Every structure is written in C-alpha cells, then in structure tokens.
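Protein chains in written order, with the entry's author numbering: chain Q, 47 to 133; chain s, 33 to 75. See structure below.
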C-alpha cells in the first residue's frame, strides 16, 4: 500500500535481448543501456533531458488515484446494499 | 400479608420450548413491522 515509490518521474529504455550463457546459464546481454534508469522531478525535466540527448521518447501521463468517498456508517445502512453481512 | 415464602416458583415447570411458545403466542399482538423496501441487502 505504500505510495512513496510513485513520487518521481523515471526514464528507462526499451528492453533488448537476454540470452543464456553457454557455460553457466547466466543471463547475458549486449545492451549497454539495459540497466539505465534516470530520475526526474517533473516530466518537463525528463523531456528536456531526452531532447538534448537525441533519444526519441514516449511520455505517459501520471496516474493518480481518484479521491474516494468513504463512510464507515454505510456498513450498517437501513435500506441500501452497502450494508455488510460480516465484520 | 406474608413475606416469608418465595412467590416465583412458576419457572420450576418451564421446559425446552417455553420461551418460543410465548413468542408464538405474542405474535398476534404486535404492530405490523416496518419495511426496508427490499427483501434483503443482497436484493
């Protein structure tokens, strides 16, 4: 339930091939950027960084949970379906 | 006027269904129940 890892903007790159090492079976890679992950305060900062480095990019708008209406009293509604059968 | 005998002895003759039999007896005296409007919260 913690939301502290959703505060900042991230920039990662497209995933490329990983293959089994013939000797041990370890995951090999030839992608130098496979682990690169940058952090940004805003999406403008991330876009600015991508633009000056020549990377083409996709920006996905931040998804924020929409505010909910909570009411403990509704658990015992006289005539509504919100009444709970168990606690 | 007497104050030396116990006058609560009827319950020595109560049985398994005494309480529910009285509830059945009282059924004809009640006012009609209110209604939530639906058969149950799951309707």
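For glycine and all other residues, C-beta sits at the position ideal for the given N, C-alpha and C.
request  = Have a look at residue 72/Q and residue 64/Q and give me their C-alpha separation to the nearest angstrom.
outcome  = Numbered from 1 along the first chain, position 26 holds the residue referred to as residue 72/Q. Numbered from 1 along the first chain, position 18 holds the residue referred to as residue 64/Q. Taking the straight line from one Cα to the other gives about 9 Å.
query = Which residues in the same chain have their Cβ closer than 8 Å to the Cβ of residue 83/Q, if we skip the five residues on either side of it in sequence?
reply = Against the first chain, residue 83/Q aligns to sequence position 37. Once the five neighbours on either side are set aside, the close Cβ partners of residue 83/Q are 56, 57, 58.
inquiry  = For residue 87/Q and residue 116/Q, which I take to be in contact (beta-carbon distance under 8 Å), what is that distance rounded to the nearest angstrom?
reply    = Start at 1 with the first residue of the first chain, and residue 87/Q comes out as number 41. Start at 1 with the first residue of the first chain, and residue 116/Q comes out as number 70. At roughly 31 Å, the Cβ-Cβ gap does not stay under 8 Å, so residue 87/Q and residue 116/Q are not in contact.
query = Are the Cβ atoms of residue 73/s and residue 112/Q separated by less than 9 Å?
reply = Here residue 73/s corresponds to residue number 41 of the second chain, with the count starting at 1. Here residue 112/Q corresponds to residue number 66 of the first chain, with the count starting at 1. Not closer than 9 Å, so no.
task = Would you mind working out which of 77/Q, 109/Q, 78/Q, 60/Q sits nearest residue 89/Q, comparing C-alpha positions?
result = Counting from one through the first chain, the residue named residue 89/Q turns up at place 43. Looking at the Cα atoms, 109/Q is the closest of the given residues.
task = For residue 93/Q, collect the residues of the same chain with a Cβ closer than 8 Å to its Cβ; drop the 5 residues on either side in sequence, then sort them by chain order.
result = Sequence index remark: in the first chain, residue 93/Q carries index 47 (1-based). Once the five neighbours on either side are set aside, the close Cβ partners of residue 93/Q are 103, 105.
query = Does any residue of chain s bring its CB to less than 9 Å from the CB of residue 124/Q?
reply = Reading the first chain from its first residue, position 78 is the one you call residue 124/Q. Judged by the 9 Å Cβ criterion, residue 124/Q is in contact with chain s.
key: Against chain s: residues of the stretch 56-67 of chain Q by CB proximity under 8 Å   = Listed in sequence order: no entries.
query = Which residues in the same chain have their Cβ closer than 6 Å to the Cβ of residue 79/Q, if we skip the five residues on either side of it in sequence?
reply = What you label residue 79/Q is simply residue 33 of the first chain in a count that begins at 1. Once the five neighbours on either side are set aside, the close Cβ partners of residue 79/Q are 59.
Proximity of residue 75/Q and residue 62/Q at Cβ, strictly below 9 Å = Working through the first chain from its first residue, we reach residue 75/Q at position 29. Working through the first chain from its first residue, we reach residue 62/Q at position 16. Contact: yes.
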